[PDB]
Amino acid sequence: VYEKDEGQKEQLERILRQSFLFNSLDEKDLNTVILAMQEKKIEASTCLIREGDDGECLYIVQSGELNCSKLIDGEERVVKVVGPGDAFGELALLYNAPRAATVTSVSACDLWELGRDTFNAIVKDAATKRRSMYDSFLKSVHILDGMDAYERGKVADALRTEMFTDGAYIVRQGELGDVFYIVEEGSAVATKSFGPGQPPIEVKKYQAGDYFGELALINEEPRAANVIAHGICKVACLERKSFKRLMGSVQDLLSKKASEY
């Protein structure tokens, strides 16, 4: 029941590292969570979690789709579809509350289940601290100064962190771009080739609190420059879909500031 083969562990590690509540774990803590996780397969149209019940575990989806719904004014109202890579059933564990929605599979699903005790011991404090630290950080990132606390908190809830050592390319000129970056600590440099057959030249130096990688998202174009870690660089990362859905009018600010390049 805890036994997993190498293939299973590898796929589980990949999805866990990308999952918001687990993304801040060190590799050994993530390994301990992996040890604790139990596989759970369900057929389509299985009513897995029921609104109002006690919650003693959470799930992450390896494959399949499920609907989350709320019983409101006598009908089930679907409020979110979850699919591969998504975690669900975490709210009852994060906030010590009854299940806030019913979750039903739409297809056959392959899930991994984590118990409340392991979540409490290894994940819960780290996750809530990370969120708070993201909130603190964003309050000193000035392009977000126009947001209110709730807008900024939503962005904070969609951030992941990545570390890059000296010389590692965070983005490469001409590649597809689906991530917006803000430097949390360390440094980076942008270099840009101004035409075919021209080597790139340094065009900007980044420090903590600076952002980059917005142009591919706003303009729907390939990356316009390389961004390379200088010494070391720790970046907060916001995916394209979250950028578009959460940044609001900051997208307009970013668009207008593009003329400064």
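Counting begins at 1, following the sequence as shown.
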Practice problem: Could you check which stretch, 59-67 or 225-233, carries the larger mean CA temperature factor in the entry? | Solution: 59-67
Quiz item: Can you tell me which stretch has the higher mean Cα B-factor, 163-171 or 77-85?
Solution: 77-85
Quiz prompt | Options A36, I42, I218, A208 - largest CA temperature factor per the record | solution = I42
Self-check item: Top Cα B factor in the deposited entry, candidates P98, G186, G177, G153
Solution: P98
Exercise. Could you say whether, by C-alpha temperature factor, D148 belongs to the lowest, middle or highest third of its chain?
Key: highest
Quiz item: By its CA B factor, does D29 count among the lowest, middle or highest third of the modelled residues in the chain?
Solution: middle
Quiz item: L238's Cα B-factor: lowest, middle or highest third of the chain?
Solution: lowest
Exercise. Taking the values exactly as deposited, rank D54 by C-alpha B-factor within its chain and report the matching third: lowest, middle or highest.
Key: highest
Quiz item: What third of its chain's C-alpha B-factors does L253 belong to: lowest, middle or highest?
Solution: middle
